[PDB]
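Listed next as structure tokens is one chain, alone, in the form deposited in one PDB entry.
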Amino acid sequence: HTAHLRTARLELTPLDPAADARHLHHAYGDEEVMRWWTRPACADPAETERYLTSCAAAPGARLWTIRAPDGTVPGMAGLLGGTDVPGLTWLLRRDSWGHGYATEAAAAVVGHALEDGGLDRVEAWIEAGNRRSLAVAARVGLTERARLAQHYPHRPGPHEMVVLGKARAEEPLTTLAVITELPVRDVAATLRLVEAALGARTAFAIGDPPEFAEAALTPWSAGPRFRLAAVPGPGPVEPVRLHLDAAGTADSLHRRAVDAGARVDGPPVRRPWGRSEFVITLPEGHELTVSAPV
């Protein structure tokens, strides 16, 4: 890309790892600034130069370097990549903070991505705890669409990643959730189980003994939850396979399932796709593999 993006007080020039690495290292090498980054603070500008390159290297990578009028170089902003949906990001040395740069820069990149970038939509992955960044994202029209558990090699424990987005034309139709029904013998008994293993809870039930309930896996009005329908028998019951994306550690999740007398597959096992999973099987045959970031 050749395009420069100009704003009230800024010029975003295409990113040159070699040339810019000197200034950009004032952010990428700062322990503080990288408090939220996917990897610790860069050691040397070479590493930065290296990273920056590996970064701009990826397929759809399209980054700029934030240049202010007063000579300074607060940092950078742009579209990350190698991914499917164009991710977005930014970073500034601690100094340039709160001067509206991030907001301005972010606003620029976004505008361009949707408009002249010819793109249909744009994402932005911000850590849950990242208030400041979440403010900018929202300030830029990026509304939250999903969330996911993740773990950084340098982190003591896993974390939550918010996935904000913003299309050019907001689709009129969309799916907000998928609730799957589960045929079980004793809806009640099952509810009791799930409530303990997955720390679930009953959202509702129809008649006593219960004949049809809605098991919620979160203590909130809406969210991850599935229906429980009752069935007579004789009992063949065709199993249902369920993938459970959980937050927190697989060992403590598994510890909970077991300590709840759950039919567990075994201890959690790591996987190529970077997720430690373990399964739970319900008497009727259904099995739900619980998968955590770690």
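So that there is no doubt, residue numbering starts at 1 and follows the sequence shown.
Omitted from view is the form solved in complex with a small molecule, to which the following refers.
Of the candidates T143, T103, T218, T83, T103 is the one whose heavy atoms come within 4.5 Å of the small molecule in the bound PDB entry; the others do not. Among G118, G207, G157, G98, the residue placing a heavy atom within 4.5 Å of the small molecule in the bound PDB entry is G98. Judged by heavy atoms within 4.5 Å of the small molecule in the bound PDB entry, the contact stretch among the candidates 28 to 36, 230 to 238, 258 to 266, 55 to 63 is 28 to 36. A residue is said to contact a partner when one of its heavy atoms sits within 4.5 Å of a partner heavy atom; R22 fails this definition for the small molecule in the bound PDB entry, lying far away.
For the chain shown alone, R139 is a contact residue for the small molecule in the bound PDB entry, at least one non-hydrogen atom being within 4.5 angstroms. When the small molecule is considered in the bound PDB entry, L88 lines it closely, a heavy atom lying within 4.5 Å. When the small molecule is considered in the bound PDB entry, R132 lines it closely, a heavy atom lying within 4.5 Å. Here the marked residues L193, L242 and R275 all miss the small molecule in the bound PDB entry; none has a heavy atom within 4.5 angstroms.
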